[PDB]
$ cat work-v5.tsv   # TSV, C-alpha atoms and all ligand atoms
chain	number	residue	atom	x	y	z
A	53	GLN	CA	-61.33	-49.89	16.43
A	54	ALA	CA	-61.41	-52.21	13.42
A	55	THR	CA	-62.38	-55.15	15.68
A	56	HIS	CA	-65.36	-53.41	17.30
A	57	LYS	CA	-67.83	-54.96	14.86
A	58	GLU	CA	-66.49	-58.48	15.50
A	59	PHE	CA	-66.66	-58.09	19.28
A	60	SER	CA	-70.17	-56.63	19.17
A	61	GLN	CA	-71.26	-59.57	17.04
A	62	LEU	CA	-69.87	-61.93	19.69
A	63	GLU	CA	-71.87	-60.08	22.36
A	64	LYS	CA	-75.01	-60.80	20.37
A	65	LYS	CA	-74.15	-64.43	19.54
A	66	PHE	CA	-73.47	-65.18	23.21
A	67	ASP	CA	-75.96	-62.70	24.79
A	68	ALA	CA	-73.21	-61.25	26.96
A	69	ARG	CA	-71.19	-58.13	27.68
A	70	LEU	CA	-67.54	-58.49	26.67
A	71	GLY	CA	-64.53	-56.53	27.85
A	72	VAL	CA	-61.22	-56.94	26.00
A	73	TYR	CA	-57.77	-55.46	26.26
A	74	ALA	CA	-54.72	-56.97	24.60
A	75	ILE	CA	-51.30	-55.43	24.14
A	76	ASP	CA	-48.45	-56.64	21.96
A	77	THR	CA	-45.47	-55.98	24.22
A	78	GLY	CA	-43.13	-55.79	21.22
A	79	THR	CA	-45.00	-53.09	19.27
A	80	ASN	CA	-47.34	-51.52	21.88
A	81	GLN	CA	-50.26	-52.17	19.54
A	82	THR	CA	-53.44	-52.58	21.57
A	83	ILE	CA	-56.82	-54.16	20.92
A	84	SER	CA	-59.58	-52.77	23.12
A	85	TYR	CA	-63.33	-53.27	23.43
A	86	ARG	CA	-65.20	-51.96	26.49
A	87	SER	CA	-61.73	-51.94	28.03
A	88	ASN	CA	-62.72	-49.27	30.58
A	89	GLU	CA	-65.92	-50.95	31.80
A	90	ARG	CA	-65.95	-52.61	35.20
A	91	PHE	CA	-66.37	-56.35	35.66
A	92	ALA	CA	-65.94	-58.48	38.74
A	93	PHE	CA	-62.44	-59.86	38.46
A	94	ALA	CA	-63.30	-63.12	40.24
A	95	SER	CA	-60.39	-65.57	40.44
A	96	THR	CA	-58.23	-63.65	37.96
A	97	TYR	CA	-56.87	-61.73	40.96
A	98	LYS	CA	-55.03	-64.86	42.10
A	99	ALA	CA	-52.37	-64.39	39.42
A	100	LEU	CA	-51.83	-60.74	40.36
A	101	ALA	CA	-51.92	-61.42	44.10
A	102	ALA	CA	-49.32	-64.13	43.54
A	103	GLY	CA	-47.27	-61.43	41.82
A	104	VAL	CA	-47.67	-59.14	44.82
A	105	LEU	CA	-46.69	-62.01	47.14
A	106	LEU	CA	-43.54	-62.63	45.10
A	107	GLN	CA	-42.69	-58.93	45.06
A	108	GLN	CA	-42.99	-58.67	48.84
A	109	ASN	CA	-41.29	-61.95	49.82
A	110	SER	CA	-38.12	-63.83	49.07
A	111	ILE	CA	-38.00	-67.07	47.13
A	112	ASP	CA	-36.74	-68.81	50.26
A	113	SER	CA	-39.66	-67.48	52.30
A	114	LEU	CA	-42.02	-69.53	50.10
A	115	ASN	CA	-40.86	-72.51	52.20
A	116	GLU	CA	-42.68	-71.27	55.33
A	117	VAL	CA	-45.38	-73.71	56.45
A	118	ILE	CA	-48.78	-71.97	56.66
A	119	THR	CA	-51.61	-73.63	58.59
A	120	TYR	CA	-55.39	-73.20	58.64
A	121	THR	CA	-58.50	-74.90	60.02
A	122	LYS	CA	-61.46	-76.84	58.66
A	123	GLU	CA	-63.58	-73.75	59.40
A	124	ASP	CA	-61.35	-71.68	57.11
A	125	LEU	CA	-62.12	-73.90	54.11
A	126	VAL	CA	-64.42	-72.04	51.74
A	127	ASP	CA	-66.15	-73.51	48.69
A	128	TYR	CA	-63.87	-75.06	46.04
A	129	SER	CA	-60.66	-75.80	47.93
A	130	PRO	CA	-59.51	-79.02	46.25
A	131	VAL	CA	-55.86	-78.71	47.28
A	132	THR	CA	-56.02	-77.00	50.69
A	133	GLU	CA	-58.75	-79.34	51.95
A	134	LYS	CA	-56.25	-82.21	51.75
A	135	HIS	CA	-53.71	-80.58	54.09
A	136	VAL	CA	-55.68	-79.16	57.04
A	137	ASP	CA	-53.78	-81.12	59.69
A	138	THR	CA	-50.28	-80.39	58.36
A	139	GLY	CA	-50.37	-77.01	56.64
A	140	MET	CA	-48.70	-76.26	53.31
A	141	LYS	CA	-45.65	-74.31	52.19
A	142	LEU	CA	-46.49	-70.74	51.23
A	143	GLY	CA	-45.23	-71.33	47.69
A	144	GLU	CA	-47.44	-74.41	47.36
A	145	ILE	CA	-50.45	-72.36	48.50
A	146	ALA	CA	-49.70	-69.63	45.95
A	147	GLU	CA	-49.24	-72.29	43.28
A	148	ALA	CA	-52.55	-73.93	44.23
A	149	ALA	CA	-54.34	-70.60	43.94
A	150	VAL	CA	-52.91	-69.93	40.48
A	151	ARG	CA	-52.99	-73.49	39.10
A	152	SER	CA	-56.26	-74.89	40.49
A	153	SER	CA	-58.06	-71.70	41.59
A	154	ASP	CA	-58.29	-73.06	45.14
A	155	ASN	CA	-60.35	-70.50	47.05
A	156	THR	CA	-58.90	-71.10	50.50
A	157	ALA	CA	-55.46	-70.71	48.94
A	158	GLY	CA	-56.71	-67.45	47.47
A	159	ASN	CA	-57.72	-66.29	50.94
A	160	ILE	CA	-54.36	-67.27	52.43
A	161	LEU	CA	-52.69	-65.36	49.60
A	162	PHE	CA	-54.89	-62.37	50.50
A	163	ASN	CA	-53.90	-62.80	54.16
A	164	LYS	CA	-50.19	-62.78	53.34
A	165	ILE	CA	-50.40	-59.51	51.37
A	166	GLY	CA	-52.60	-57.66	53.87
A	167	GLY	CA	-56.06	-58.77	52.80
A	168	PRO	CA	-58.10	-57.18	50.04
A	169	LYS	CA	-57.05	-53.78	51.37
A	170	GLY	CA	-53.39	-54.82	51.13
A	171	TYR	CA	-53.86	-56.16	47.61
A	172	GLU	CA	-55.48	-52.88	46.55
A	173	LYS	CA	-52.69	-50.89	48.21
A	174	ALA	CA	-50.09	-52.86	46.28
A	175	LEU	CA	-51.87	-52.22	42.99
A	176	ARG	CA	-52.19	-48.50	43.72
A	177	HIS	CA	-48.43	-48.43	44.29
A	178	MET	CA	-47.96	-49.86	40.79
A	179	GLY	CA	-50.11	-47.05	39.35
A	180	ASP	CA	-53.44	-48.90	39.19
A	181	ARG	CA	-56.13	-46.43	40.30
A	182	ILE	CA	-58.94	-48.61	38.94
A	183	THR	CA	-58.99	-51.97	40.72
A	184	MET	CA	-61.15	-52.12	43.85
A	185	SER	CA	-60.56	-55.07	46.17
A	186	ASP	CA	-62.82	-55.41	49.19
A	187	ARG	CA	-63.79	-59.00	49.96
A	188	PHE	CA	-62.34	-62.48	50.36
A	189	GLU	CA	-63.45	-65.65	48.62
A	190	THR	CA	-66.10	-66.43	47.91
A	191	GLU	CA	-68.07	-63.22	48.53
A	192	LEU	CA	-65.88	-61.36	46.03
A	193	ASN	CA	-67.69	-63.23	43.23
A	194	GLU	CA	-71.04	-61.53	43.93
A	195	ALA	CA	-70.58	-59.29	40.86
A	196	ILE	CA	-73.66	-57.09	41.37
A	197	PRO	CA	-73.81	-54.72	38.36
A	198	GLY	CA	-73.01	-51.20	39.53
A	199	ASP	CA	-71.34	-52.43	42.74
A	200	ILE	CA	-67.66	-51.61	42.39
A	201	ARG	CA	-66.42	-53.99	45.11
A	202	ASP	CA	-63.94	-56.54	43.73
A	203	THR	CA	-64.01	-55.07	40.22
A	204	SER	CA	-61.55	-53.80	37.66
A	205	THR	CA	-61.35	-53.22	33.91
A	206	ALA	CA	-59.73	-55.23	31.15
A	207	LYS	CA	-57.20	-52.45	30.60
A	208	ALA	CA	-56.27	-52.20	34.29
A	209	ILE	CA	-55.95	-55.96	34.75
A	210	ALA	CA	-53.92	-56.43	31.56
A	211	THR	CA	-51.64	-53.56	32.51
A	212	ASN	CA	-50.96	-55.15	35.90
A	213	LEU	CA	-50.40	-58.58	34.39
A	214	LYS	CA	-47.92	-57.07	31.93
A	215	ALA	CA	-46.01	-55.43	34.77
A	216	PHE	CA	-45.64	-58.73	36.63
A	217	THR	CA	-44.98	-61.10	33.73
A	218	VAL	CA	-42.91	-59.01	31.28
A	219	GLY	CA	-42.35	-55.69	33.00
A	220	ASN	CA	-40.29	-54.51	35.94
A	221	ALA	CA	-42.66	-55.40	38.79
A	222	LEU	CA	-40.60	-58.52	39.62
A	223	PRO	CA	-37.00	-59.69	39.32
A	224	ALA	CA	-36.49	-62.17	36.52
A	225	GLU	CA	-36.29	-65.22	38.78
A	226	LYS	CA	-39.65	-64.45	40.37
A	227	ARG	CA	-41.17	-63.49	37.02
A	228	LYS	CA	-40.26	-66.99	35.84
A	229	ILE	CA	-41.88	-68.57	38.92
A	230	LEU	CA	-45.12	-66.67	38.24
A	231	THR	CA	-45.24	-67.37	34.52
A	232	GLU	CA	-44.55	-71.05	35.14
A	233	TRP	CA	-47.38	-71.20	37.69
A	234	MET	CA	-49.64	-69.76	35.00
A	235	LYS	CA	-48.69	-72.34	32.35
A	236	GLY	CA	-50.25	-75.71	31.67
A	237	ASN	CA	-53.33	-75.57	33.89
A	238	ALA	CA	-56.57	-77.31	32.98
A	239	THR	CA	-58.67	-74.37	34.23
A	240	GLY	CA	-57.46	-72.48	31.17
A	241	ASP	CA	-57.96	-75.15	28.51
A	242	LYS	CA	-61.32	-73.91	27.16
A	243	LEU	CA	-60.61	-70.18	27.31
A	244	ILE	CA	-57.74	-68.16	25.82
A	245	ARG	CA	-55.76	-71.37	25.20
A	246	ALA	CA	-58.68	-72.70	23.12
A	247	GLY	CA	-58.65	-69.54	20.97
A	248	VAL	CA	-54.96	-69.32	20.03
A	249	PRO	CA	-53.17	-71.25	17.27
A	250	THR	CA	-51.60	-74.56	18.21
A	251	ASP	CA	-48.05	-73.17	18.04
A	252	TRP	CA	-48.79	-70.45	20.62
A	253	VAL	CA	-48.18	-70.97	24.33
A	254	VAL	CA	-50.53	-69.58	26.99
A	255	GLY	CA	-50.06	-68.85	30.65
A	256	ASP	CA	-53.44	-67.81	32.01
A	257	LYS	CA	-55.64	-67.35	35.03
A	258	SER	CA	-59.36	-68.01	34.67
A	259	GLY	CA	-62.21	-66.54	36.67
A	260	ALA	CA	-65.91	-67.21	37.11
A	261	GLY	CA	-68.52	-65.50	39.24
A	262	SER	CA	-72.15	-64.53	39.62
A	263	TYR	CA	-74.06	-62.61	36.94
A	264	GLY	CA	-72.56	-65.03	34.44
A	265	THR	CA	-69.10	-63.57	35.00
A	266	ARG	CA	-66.49	-65.47	33.02
A	267	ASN	CA	-62.97	-64.13	32.62
A	268	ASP	CA	-59.53	-65.14	31.45
A	269	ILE	CA	-56.27	-63.22	31.58
A	270	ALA	CA	-53.05	-64.40	30.02
A	271	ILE	CA	-49.54	-63.90	28.83
A	272	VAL	CA	-49.32	-65.58	25.43
A	273	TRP	CA	-46.22	-66.33	23.38
A	274	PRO	CA	-46.56	-66.61	19.60
A	275	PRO	CA	-43.68	-68.40	17.86
A	276	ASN	CA	-40.64	-66.15	17.37
A	277	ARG	CA	-42.42	-63.13	18.86
A	278	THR	CA	-42.60	-60.99	21.95
A	279	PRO	CA	-45.43	-61.90	24.33
A	280	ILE	CA	-48.94	-60.52	24.12
A	281	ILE	CA	-50.88	-59.73	27.30
A	282	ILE	CA	-54.63	-60.43	27.12
A	283	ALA	CA	-57.50	-59.74	29.49
A	284	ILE	CA	-60.97	-60.92	28.47
A	285	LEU	CA	-63.84	-60.28	30.86
A	286	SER	CA	-67.52	-61.08	30.40
A	287	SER	CA	-70.78	-60.88	32.33
A	288	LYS	CA	-74.54	-60.90	31.87
A	289	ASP	CA	-77.64	-59.07	33.07
A	290	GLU	CA	-79.14	-61.84	35.25
A	291	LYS	CA	-77.77	-62.95	38.62
A	292	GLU	CA	-78.14	-66.66	37.84
A	293	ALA	CA	-76.96	-66.38	34.22
A	294	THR	CA	-74.88	-69.20	32.86
A	295	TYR	CA	-71.57	-68.63	31.11
A	296	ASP	CA	-70.10	-70.11	27.96
A	297	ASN	CA	-66.35	-70.69	27.70
A	298	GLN	CA	-66.67	-70.43	23.93
A	299	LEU	CA	-67.26	-66.68	24.20
A	300	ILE	CA	-63.76	-66.22	25.61
A	301	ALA	CA	-62.20	-68.53	23.03
A	302	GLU	CA	-63.99	-66.71	20.20
A	303	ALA	CA	-62.90	-63.32	21.55
A	304	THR	CA	-59.33	-64.63	21.63
A	305	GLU	CA	-59.57	-65.57	17.95
A	306	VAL	CA	-60.44	-61.95	17.13
A	307	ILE	CA	-57.43	-60.72	19.08
A	308	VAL	CA	-55.13	-63.23	17.39
A	309	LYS	CA	-56.26	-62.17	13.93
A	310	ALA	CA	-55.74	-58.49	14.80
A	311	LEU	CA	-52.28	-58.99	16.36
B	401	CL	CL	-64.87	-48.57	27.73
$ encode --input "work-v5.tsv" --output "C-alpha cells"
Amino acid sequence: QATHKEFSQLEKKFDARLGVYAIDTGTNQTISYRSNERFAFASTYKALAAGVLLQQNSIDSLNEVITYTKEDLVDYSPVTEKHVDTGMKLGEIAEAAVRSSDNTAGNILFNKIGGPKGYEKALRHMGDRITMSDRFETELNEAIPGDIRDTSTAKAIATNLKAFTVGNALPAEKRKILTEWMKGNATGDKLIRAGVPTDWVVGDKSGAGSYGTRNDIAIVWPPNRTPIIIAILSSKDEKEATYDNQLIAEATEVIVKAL
C-alpha cells in the first residue's frame, strides 16, 4: 500500500499500465499494485509450462528426440530453426523456450503438456483459477484489452512461479533444472535483473506482446536471504504501442526498496 504512489508515478512517467506482485518467501510480505488486473502473459508462460513439463515427465525422458517441420517454425525461432532436419532433445527444446524465448520451442512445450488447454488444466490443478490459456505462439501475443484469452494476473503468475521454483510443485532435482534454465539469459538483462542490486541473482522469464505488452517474472536471491518471487506486467492502450524495458527495471527498484 505504501508503494502505490511510486508505482502510479511510474505509470505516468512511462505512459503505461503496470501490474506488480512480489512475495518474500521468507516472511510472506507482499508488494502488490494492480495485482488482480489481467495482462497478456506473452512468453512468461514458457517458464511455467517448463515447470509443468518437468512435473509430468522424468528427467531421463528429457532425452527423447522431438522433430518438427519447416512449416511448424513460427516467428522468432532462433534455436529450433537450426535443427529442423535432426530434431532436438525434449530438454533442449524446453531450455530453448526458457533461455531464448524460442517460439517454436514454446509450441512444442505446449504440445507436450496437452496444448494451451493442457497447460490451463495443469494450472487449475495447482489452484490457479485465474490464468486462461487458449492459443499457441504467436497468436497468444494478441493482447486485445478485455479479451481474456492468454491472460493472467501478476498475483496468479507469481503464485505459480513460487510453487515451481521454491514450493512443492516439483521435486528438488527438477526445481534446480528449472531455476538454472531461468538464470543467466540475455533476454532478462534489461528487466528485473537491471533493477536489482549487483549482489542479487535473478532467474527470470521475459515476455513481450501487442498493445505494448512487456513483462518479466523472476525468482530473485538477495545475499543471505530467502528468495523473492516477482511478477511485473505492463501494457498500453494502443495496439501498436512501443514498450520500454526501463519501466520494468524501475518497478523492480521499487520492489527492492520495499522488501
Ligand atoms: Cl487489482
$ atom_distance --input "work-v5.tsv" --atom1 "CA of residue 155 in chain A" --atom2 "CA of residue 248 in chain A"
27.6 Å
$ closest_residue --input "work-v5.tsv" --among "A:215, A:206, A:75, A:234" --to "ligand CL 401 (chain B)" --atoms "all atoms listed in the file"
A:206
$ closest_residue --input "work-v5.tsv" --among "A:64, A:235, A:176, A:207" --to "ligand CL 401 (chain B)" --atoms "all atoms listed in the file"
A:207
$ atom_distance --input "work-v5.tsv" --atom1 "CA of residue 217 in chain A" --atom2 "CA of residue 139 in chain A"
28.4 Å
$ atom_distance --input "work-v5.tsv" --atom1 "CA of residue 244 in chain A" --atom2 "CA of residue 304 in chain A"
5.7 Å
$ closest_atom_pairs --input "work-v5.tsv" --of "chain A" --to "ligand CL 401 (chain B)" --cutoff "9 Å" --atoms "all atoms listed in the file" --output "tab-separated table"
residue	atom	partner	partner_atom	distance
A:71	CA	B:CL401	CL	8.0
A:84	CA	B:CL401	CL	8.2
A:85	CA	B:CL401	CL	6.6
A:86	CA	B:CL401	CL	3.6
A:87	CA	B:CL401	CL	4.6
A:88	CA	B:CL401	CL	3.6
A:89	CA	B:CL401	CL	4.8
A:90	CA	B:CL401	CL	8.6
A:205	CA	B:CL401	CL	8.5
$ closest_residue --input "work-v5.tsv" --among "A:279, A:249, A:197, A:219" --to "residue 263 in chain A" --atoms "all atoms listed in the file"
A:197
$ closest_atom_pairs --input "work-v5.tsv" --of "range 191-261 of chain A" --to "range 179-185 of chain A" --cutoff "10 Å" --atoms "all atoms listed in the file" --output "JSON lines"
{"residue": "A:192", "atom": "CA", "partner": "A:185", "partner_atom": "CA", "distance": 8.2}
{"residue": "A:200", "atom": "CA", "partner": "A:184", "partner_atom": "CA", "distance": 6.7}
{"residue": "A:201", "atom": "CA", "partner": "A:184", "partner_atom": "CA", "distance": 5.7}
{"residue": "A:202", "atom": "CA", "partner": "A:185", "partner_atom": "CA", "distance": 4.4}
{"residue": "A:203", "atom": "CA", "partner": "A:184", "partner_atom": "CA", "distance": 5.5}
{"residue": "A:204", "atom": "CA", "partner": "A:183", "partner_atom": "CA", "distance": 4.4}
{"residue": "A:205", "atom": "CA", "partner": "A:182", "partner_atom": "CA", "distance": 7.2}
{"residue": "A:207", "atom": "CA", "partner": "A:182", "partner_atom": "CA", "distance": 9.3}
{"residue": "A:208", "atom": "CA", "partner": "A:182", "partner_atom": "CA", "distance": 6.5}
{"residue": "A:209", "atom": "CA", "partner": "A:183", "partner_atom": "CA", "distance": 7.8}
{"residue": "A:211", "atom": "CA", "partner": "A:180", "partner_atom": "CA", "distance": 8.3}
{"residue": "A:212", "atom": "CA", "partner": "A:180", "partner_atom": "CA", "distance": 7.5}
$ closest_residue --input "work-v5.tsv" --among "A:72, A:54, A:253, A:114" --to "residue 300 in chain A" --atoms "all atoms listed in the file"
A:72
$ closest_residue --input "work-v5.tsv" --among "A:138, A:79, A:258, A:119" --to "residue 311 in chain A" --atoms "only C-alpha atoms"
A:79
$ closest_residue --input "work-v5.tsv" --among "A:288, A:175, A:153, A:283" --to "residue 239 in chain A" --atoms "all atoms listed in the file"
A:153
$ residues_near_point --input "work-v5.tsv" --point "(-56.4, -67.4, 35.0)" --cutoff "8 Å" --atoms "all atoms listed in the file" --output "list in words"
residues 95, 96, 98, 99, 150, 234, 239, 240, 255, 256, 257, 258, 259, 267, 268, 269 and 270 of chain A
$ residues_around --input "work-v5.tsv" --residues "residue 308 in chain A" --least-positions-apart "4" --cutoff "10 Å" --atoms "all atoms listed in the file" --output "ChimeraX atom specification"
/A:74,83,247-249,274,280,302-304
$ write_last_selection --input "work-v5.tsv" --atoms "C-alpha atoms" --output "PDB file, in the frame of the given file"
ATOM      1  CA  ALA A  74     -54.720 -56.970  24.600  1.00  0.00           C
ATOM      2  CA  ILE A  83     -56.820 -54.160  20.920  1.00  0.00           C
ATOM      3  CA  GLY A 247     -58.650 -69.540  20.970  1.00  0.00           C
ATOM      4  CA  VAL A 248     -54.960 -69.320  20.030  1.00  0.00           C
ATOM      5  CA  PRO A 249     -53.170 -71.250  17.270  1.00  0.00           C
ATOM      6  CA  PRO A 274     -46.560 -66.610  19.600  1.00  0.00           C
ATOM      7  CA  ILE A 280     -48.940 -60.520  24.120  1.00  0.00           C
ATOM      8  CA  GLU A 302     -63.990 -66.710  20.200  1.00  0.00           C
ATOM      9  CA  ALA A 303     -62.900 -63.320  21.550  1.00  0.00           C
ATOM     10  CA  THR A 304     -59.330 -64.630  21.630  1.00  0.00           C
TER      11      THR A 304
END
$ residues_around --input "work-v5.tsv" --residues "residue 229 in chain A" --least-positions-apart "2" --cutoff "10 Å" --atoms "all atoms listed in the file" --output "PDB file with C-alpha atoms, in the coordinates of the input"
ATOM      1  CA  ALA A 102     -49.320 -64.130  43.540  1.00  0.00           C
ATOM      2  CA  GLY A 103     -47.270 -61.430  41.820  1.00  0.00           C
ATOM      3  CA  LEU A 106     -43.540 -62.630  45.100  1.00  0.00           C
ATOM      4  CA  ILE A 111     -38.000 -67.070  47.130  1.00  0.00           C
ATOM      5  CA  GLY A 143     -45.230 -71.330  47.690  1.00  0.00           C
ATOM      6  CA  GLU A 147     -49.240 -72.290  43.280  1.00  0.00           C
ATOM      7  CA  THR A 217     -44.980 -61.100  33.730  1.00  0.00           C
ATOM      8  CA  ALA A 224     -36.490 -62.170  36.520  1.00  0.00           C
ATOM      9  CA  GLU A 225     -36.290 -65.220  38.780  1.00  0.00           C
ATOM     10  CA  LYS A 226     -39.650 -64.450  40.370  1.00  0.00           C
ATOM     11  CA  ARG A 227     -41.170 -63.490  37.020  1.00  0.00           C
ATOM     12  CA  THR A 231     -45.240 -67.370  34.520  1.00  0.00           C
ATOM     13  CA  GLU A 232     -44.550 -71.050  35.140  1.00  0.00           C
ATOM     14  CA  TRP A 233     -47.380 -71.200  37.690  1.00  0.00           C
ATOM     15  CA  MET A 234     -49.640 -69.760  35.000  1.00  0.00           C
TER      16      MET A 234
END
$ axis_aligned_box --input "work-v5.tsv" --around "range 194-211 of chain A" --padding-each-side "3 Å" --output "AutoDock Vina command-line options"
--center_x -62.7 --center_y -56.4 --center_z 37.9 --size_x 28.2 --size_y 16.3 --size_z 20.5
$ residues_around --input "work-v5.tsv" --residues "residue 59 in chain A" --least-positions-apart "3" --cutoff "8 Å" --atoms "all atoms listed in the file" --output "list in words"
residues 55, 56, 62, 63, 70, 85, 303 and 306 of chain A
$ residues_around --input "work-v5.tsv" --residues "residue 117 in chain A" --least-positions-apart "5" --cutoff "7 Å" --atoms "only C-alpha atoms" --output "PDB file with C-alpha atoms, in the frame of the given file"
ATOM      1  CA  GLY A 139     -50.370 -77.010  56.640  1.00  0.00           C
ATOM      2  CA  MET A 140     -48.700 -76.260  53.310  1.00  0.00           C
ATOM      3  CA  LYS A 141     -45.650 -74.310  52.190  1.00  0.00           C
ATOM      4  CA  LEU A 142     -46.490 -70.740  51.230  1.00  0.00           C
TER       5      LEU A 142
END
$ residues_near_point --input "work-v5.tsv" --point "(-43.2, -56.7, 42.1)" --cutoff "6 Å" --atoms "all atoms listed in the file" --output "list in words"
residues 104, 107, 221 and 222 of chain A
